[PDB]
Amino acid sequence: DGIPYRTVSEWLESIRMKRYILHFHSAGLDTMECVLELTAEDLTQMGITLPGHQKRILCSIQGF
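As stated in the entry header, the method of structure determination is X-ray crystallography and the reported resolution is 2.40 Å.

The name given to the protein in the PDB entry is EPHRIN TYPE-A RECEPTOR 1, and the organism recorded there is Homo sapiens. The deposited PDB record carries the title "Co-crystal structure of the sam domains of EPHA1 AND EPHA2".

Following this line, the structure appears as C-alpha cells:
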C-alpha cells in the first residue's frame, strides 16, 4: 500500500488542512487511494485555490 495515513480525515489533520474535508467529500474523494493523482487544476476545481494550500497538499502526496 505505502500510504502512511488510513483516512482522508487523518491525512488532512496531519497537514493541518482538515478545513477542506467537506471539499474532498463533495468531489467524491473519500479514500486515500483517490487522492494520489490530484493535480493543482483538480484542487482548483475543488475550490482549493490558494497556492500555499495546494503546495501543502501536493508535496504531502509526493512524500508518501
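Structure's up, so let's keep going.
A tally of regular secondary structure across the protein gives four helices and zero strands. Counting helices and strands in the order they occur from the N terminus, the protein gives α-α-α-α. For 64 residues, the compact-globule formula gives about 11 Å, and the C-alpha radius of gyration of the protein, at 10 Å, lands near that figure. With respect to the principal axes defined by its C-alpha atoms, the protein has extents near 30 × 20 × 20 Å. Looking at the protein alone, contacts between residues at least 24 apart form 51% of all its contacts between residues at least 6 apart.

We now examine unusual backbone geometry. Even without a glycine there, the phi angle at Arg 16 is positive, about 60°. Of note, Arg 16 is situated in the loop between α1 (8-14) and α2 (21-26). A relative accessible area of 60% places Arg 16 in the exposed class.

The next thing to look at is helix α4 (residues 51-62). Across its twelve residues, α4 extends 16 Å between first and last C-alpha, which sits within 8% of the 16 Å expected from 1.5 Å per residue. What α4 keeps buried is the set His 53, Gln 54, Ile 57, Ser 60 and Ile 61. Angular distribution of buried residues about the axis of α4 spans 140°; they occupy a single face of the element. Opposite the packed face of α4, turned more than 90 degrees from it, sit the exposed residues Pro 51, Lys 55 and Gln 62.

Basis of the calculations
- Residues numbered from 1 in each chain as written, not as in the entry; some residues may be left out.
- Heavy atoms only, no water.
- Residues with missing side-chain atoms left out of burial classes, pairs and counts.
- Helix = DSSP H or I, 4+ residues; strand = E, 2+ residues; numbered from the N terminus.
- Rg over C-alpha atoms; globule rule 2.2 N^0.38 Å.
- Contact = heavy atoms within 4.5 Å.
- Buried < 20%, exposed > 50% of the residue type's maximum accessible area, 1.4 Å probe, protein only.
- Expected span 1.5 Å × (residues − 1).
- Arc of directions from axis to C-beta.

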